[PDB]
């Protein structure tokens, strides 16, 4: 199964529904839906991440990037670095990835 994460971009470019979310090239989730935020009119992406990948730090970032010859776009989730002395919080169902890089 999966859990939900949100992320806001200034521009989603060629991103679409079912666009893959990957970590190190490995698909770990997918874009479930894309909506304009009703109050800010900023694109918000709704992600469905496979539940086995449930130790993602909230310091992680999302980048829109392009794969192969067809110009297919995807989300690169870069696992942010945490420091056990400082104790970084883990992303949970319904949480938002705050750090994003648009296209």
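Positions refer to the first chain, counted from 1.
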Would you tell me which stretch averages the higher CA B-factor in the PDB entry, 31 to 39 or 66 to 74? 66 to 74
Give the stretch, out of 80 to 88 and 12 to 20, with the larger mean C-alpha temperature factor in the deposited entry. 80 to 88
Sorting the chain's modelled residues by C-alpha B-factor and splitting them into thirds places residue 5 in the middle
Among the modelled residues of its chain, the C-alpha B-factor of residue 60 falls in the third labelled middle
